[PDB]
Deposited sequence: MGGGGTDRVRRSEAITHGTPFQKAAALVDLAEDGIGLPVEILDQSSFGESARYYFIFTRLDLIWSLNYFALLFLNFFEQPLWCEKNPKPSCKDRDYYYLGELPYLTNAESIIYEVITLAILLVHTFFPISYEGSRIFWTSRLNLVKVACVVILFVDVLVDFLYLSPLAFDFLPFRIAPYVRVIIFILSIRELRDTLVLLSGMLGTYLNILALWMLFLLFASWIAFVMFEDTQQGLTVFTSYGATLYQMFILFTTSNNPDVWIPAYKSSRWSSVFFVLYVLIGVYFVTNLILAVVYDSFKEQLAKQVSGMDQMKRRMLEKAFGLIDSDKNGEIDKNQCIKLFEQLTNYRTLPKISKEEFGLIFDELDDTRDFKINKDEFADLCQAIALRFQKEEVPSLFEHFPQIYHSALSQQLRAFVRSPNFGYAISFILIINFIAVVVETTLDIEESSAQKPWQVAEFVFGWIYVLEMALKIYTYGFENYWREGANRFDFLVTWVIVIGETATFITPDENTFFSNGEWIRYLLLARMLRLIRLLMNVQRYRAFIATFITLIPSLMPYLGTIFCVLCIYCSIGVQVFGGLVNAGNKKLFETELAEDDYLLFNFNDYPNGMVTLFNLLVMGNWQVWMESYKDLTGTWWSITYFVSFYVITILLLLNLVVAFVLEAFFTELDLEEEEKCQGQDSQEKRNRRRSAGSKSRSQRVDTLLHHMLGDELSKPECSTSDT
């Protein structure tokens, strides 16, 4: 099943779909080289599952500080998740590690042996593998850097995280220098403030002076402690504030902003680099296909040679036109010349143009079946009235749900009937899922993102129903009222309003695209939390806990547990009342060096990654602006002054 022309057409569709591989030749459908990656996909879904669960091993992982004394699994030094036993832990560690290993050495399948070993990615991946396994054996017989290779093996296990990392690296160098200037602002400012308030009342806050005045000026840099840090000085003199305002201003509006400007520039650049490299890589496939078609090597393809290529592209991928004797006729009209030679570089541009205009990916097959009985249903499902029907069923679902919930707030028993109706609503959706997938096929249905999401939500509902009914309100209310979110697609309605089209459109294109960078910033938290659990086992818990933190101890109710540490790290990441974690923990250890963690976290994530995501969101929104602006034709683009099309048919 490997037509000669056919190899080429499909490959064109790979260029447009943009799939990535780098194998220079497959000897005679798949052929020897393709079949490996070809069967890698099925393993790729399960692989997905394996890296997610493998990765979640760390939260359910049992803590290291509990293994010694004293009170075992008490609420003292508080925790909240299931934890895990090493007997129950190791079976899973070994399953994840074995399956993982299969996955890591599967590439040699489609790669040269010495090629797989020589590649830096495979050597590093396999290295983390080796560390993981050695530590799993050691663990079996009887634990410090075992999780780190969990998150590190995970970060490069998925490409989209990987290339995001790479994007960071390029802007990292410049980021460091700008950090140097920032640090000179902090040093100098701390100095002048401290010297200003040495013989004054704020000697108590400046008691440690520059070592501490630098600390306080640093937190004031965040504004997290704005009124509180200089309140003794302000009490001493109303004019003292004139400094801090002056200091806060410059710190926040002048410095902290153009920092972001730096990150915006570096990021924008690196993204240009990344998409351009992406373009060379896609063109690699395109030129590959063409080169296959061009047997003679002259660098051009005959009319008779390219006609077939259009035939299998038109039939196989996209709906363009119908070949004819008049085929030849069209060739005569364009130039009234008779060579019929299209270049290697020209053919690619042709195919991309076919992608934007002629392209529109036809269904794959799906049967050994008859079209009649289903055939009724199919045309009726694709009808617009059908979509109207689902719209109205979700509107009627919204009113239904509002009523059920409001009945819970009212507490009347009348909430029960409507709630059962909500379950019936759920069924409609499963039907919609089953019919829709039956009507378009699984591959098309999965092509659109909203349908993938819908599918998965629906299935959360179904498993919720089996569990809920086999298992026997709060048992059901909580589980099913949330999934009202499947009514969320109704928001695309607002795009019809001209004002809100850029906001909702940018938000919807933003929900997936922001995901690589959000995951990037999330792993950072995983590593940081592995660090935290190791370094802060306690909390002097009994005198030092109450002295360290009051209101904050209400906040410092966490960081002795990995989930605890994840949510606490979130609190730091949003930067709300963050310093209480920094100062309190500082005196739980007693050494200022502890604070480095927190100043290491700030710079890496608050001054780098979050600023980055700002740049990403603004850049995406602006792209949207230019797109909608382009749809109403303007900013006319040709090759320099004008294009040499020479008139149409």
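I have the full deposited sequence and the modelled structure. Can you tell me which residue ranges, counted from 1, have no C-alpha coordinates?
Several regions go unmodelled: 1-19, 48-49, 164-173, 398-402, 509-513, 581-583, 694-723.
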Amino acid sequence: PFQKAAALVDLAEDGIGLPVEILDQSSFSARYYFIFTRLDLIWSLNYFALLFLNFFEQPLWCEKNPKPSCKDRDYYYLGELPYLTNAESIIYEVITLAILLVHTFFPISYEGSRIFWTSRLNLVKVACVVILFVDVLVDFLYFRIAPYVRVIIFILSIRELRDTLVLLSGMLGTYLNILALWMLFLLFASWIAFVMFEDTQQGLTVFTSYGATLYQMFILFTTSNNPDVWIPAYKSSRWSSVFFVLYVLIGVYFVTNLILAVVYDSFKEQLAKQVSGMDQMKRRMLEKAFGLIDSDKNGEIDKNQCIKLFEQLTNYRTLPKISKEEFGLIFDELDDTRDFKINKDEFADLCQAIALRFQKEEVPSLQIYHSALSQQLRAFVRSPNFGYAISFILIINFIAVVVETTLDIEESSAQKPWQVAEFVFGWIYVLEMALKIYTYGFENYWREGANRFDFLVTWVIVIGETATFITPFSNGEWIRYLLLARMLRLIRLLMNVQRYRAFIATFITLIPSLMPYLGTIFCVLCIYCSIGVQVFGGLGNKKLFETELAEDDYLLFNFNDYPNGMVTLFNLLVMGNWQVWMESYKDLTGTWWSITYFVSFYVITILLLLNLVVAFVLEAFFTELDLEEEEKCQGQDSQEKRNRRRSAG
From here on, numbers count along this sequence of modelled residues.
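Per the PDB record, is the mean Cα temperature factor higher over 549-557 or over 237-245?
It is 549-557.
So 171-179 or 312-320, which one's hotter by mean CA B-factor in the entry?
That would be 312-320.
Could you tell me which one of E57, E63, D40, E624 shows the highest CA temperature factor in the PDB record?
Most elevated C-alpha B-factor of the set, per the entry: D40.
Which is it among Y148, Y369, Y562, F522: the one with the largest CA B-factor in the entry?
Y369 has the highest C-alpha B-factor of those listed.
Check where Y585 lands among this chain's C-alpha B-factors and tell me if it's the lowest, middle or highest third.
Lowest third of the chain for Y585's C-alpha B-factor.
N385, C-alpha B-factor rank within chain (lowest, middle or highest third):
For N385, whose C-alpha B-factor we compare with every modelled residue in the chain, the answer is the highest third.
Record-listed C-alpha B factor of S157: chain third:
Middle third by C-alpha B-factor.
Please place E422 in the lowest, middle or highest third of its chain by C-alpha B factor as given in the entry.
Ranked within chain, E422 CA B lands in the middle tercile.
Which third of the chain does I108 land in by C-alpha B-factor: lowest, middle or highest?
Highest third, going by the recorded CA B-factors of the chain.
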